[PDB]
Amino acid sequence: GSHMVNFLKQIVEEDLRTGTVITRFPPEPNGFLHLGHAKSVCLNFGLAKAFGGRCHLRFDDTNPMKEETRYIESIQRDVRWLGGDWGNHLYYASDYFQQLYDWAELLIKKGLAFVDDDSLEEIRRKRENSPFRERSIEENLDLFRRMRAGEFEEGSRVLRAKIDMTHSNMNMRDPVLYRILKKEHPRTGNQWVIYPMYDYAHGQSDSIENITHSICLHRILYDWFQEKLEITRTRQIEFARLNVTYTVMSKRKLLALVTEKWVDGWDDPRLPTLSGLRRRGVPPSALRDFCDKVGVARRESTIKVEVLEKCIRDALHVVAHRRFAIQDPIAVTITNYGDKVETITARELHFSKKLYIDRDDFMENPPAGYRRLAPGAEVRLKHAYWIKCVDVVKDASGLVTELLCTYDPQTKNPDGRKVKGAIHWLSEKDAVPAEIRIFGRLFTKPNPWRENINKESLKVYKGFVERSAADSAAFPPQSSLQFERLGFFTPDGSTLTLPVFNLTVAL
């Protein structure tokens, strides 16, 4: 004793007294969200919900971003999909452009900011002092003012906080506050020609917004700005970026993967974007569950994809619908059945003279001790009878193209006895042409855009699907099918002709 249990309640009281809570999810509107953002989303929305508070949805559009509105839509989509609830209200860092500017003037007035004439080269080198650090307040302030006025040109001058070049912040060696960029803003138009850098704008945005718990790496700087400003303080909580084996999430590597056509679009199922995961057929709950099983941690680790796959598989398993599919068809004729077409309940499922099995389930010269079909051998057809293969017919190339099989009335079982293996199958009467896409891990090794990329990450088959599986009203573009003894599949869609299905996950 002297402790705990569902003393979630007590610590709820410590935070409650040590302060309603207000978090923010603040993506930049310059790119589709990925799995990492899911971790952030669960944390921020999660935390506000737990305390009956509010989580602001903020776009960090602190400089001109090309297709800002596209990303605003996409982000709202993905956050709703994940299950986050912001207000009815959208927040924008660009809304703070003036206040930010005013506060920057305050820094120069306190002798805590100066204008550096040295280049981006000279700066990324000398990080010792700028040659301009000891500029007077009057001169600094005037120079900044003219920077805003648009008198000097891109990169010629820059405004920097005046901290310690020595002190290993590490990013506390005179961080850049304002860069001069002569380009128009989606939202601010032509009103600004200098813009604030992420570090300068981030905590001040938090402050303006009365964010109580900011969840995001170093917060000496964040605290520094708030301290010296001296404005509403906001508690900065920092955790470790998400890392998953066989997976990359770097802006650069991802952009390469798309642009270089390694994958097909940002919503490709092999990609760890929320769009791609949604299209792969992963359900949002699997993701929420995954982000819970990853856990908080200040120290940087790496979760094995098997944890992800288990989350999505466990989720799919609860809500999938059993349906039959053949990816690499091979024909079976039942030699002792004749015509007539018997119904089976196991959804409409028939049994007839003409079936299909999957090629991987037959073998002409089987290893010793081999479940599954082979000449002379017998298998159980799931939800049906046992077939024995006697005779095979091959094409001109010697390729097996039809199996001749007797069956045996005595369905789900053994009358003898016997048994062995069971396989999936499809009656011709029930089959409809389909494109079955089998997706692998994007990469081949756990710790790689470093092209050690799975060249076999996508194999496409022209096969068959049980007719109700292509119902489209019954199974719309991200519903859950379990194609028996084949995997968890969703019908393909898009997250902005043959029926197409994606392998969402094995087993």
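One-based numbering along the sequence shown.
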Residues with no coordinates between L496 and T497, taken from the deposited sequence as a class: 10 or more
Sequence continuity check, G19 and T20 (deposited residues unmodelled): 1 to 3
Between 135-143 and 78-86 (mean CA B-factor, as deposited), the higher: 135-143
Given 234-242 and 292-300, the range whose Cα B-factors average higher in the PDB entry: 292-300
Peak C-alpha temperature factor (PDB record), options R359, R148, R380, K340: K340
Residue with maximal Cα B-factor (values as given in the PDB entry) among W103, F152, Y96, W266: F152
Record-listed C-alpha B factor of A50: chain third: middle
B-factor third for the C-alpha atom of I453 within its chain: highest
Chain third (lowest, middle, highest) by recorded CA B-factor, residue given as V5: highest
Third of the chain's Cα B-factor distribution that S40 belongs to, per the entry: lowest
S119 - which third its CA temperature factor falls in, relative to the rest of the chain: highest
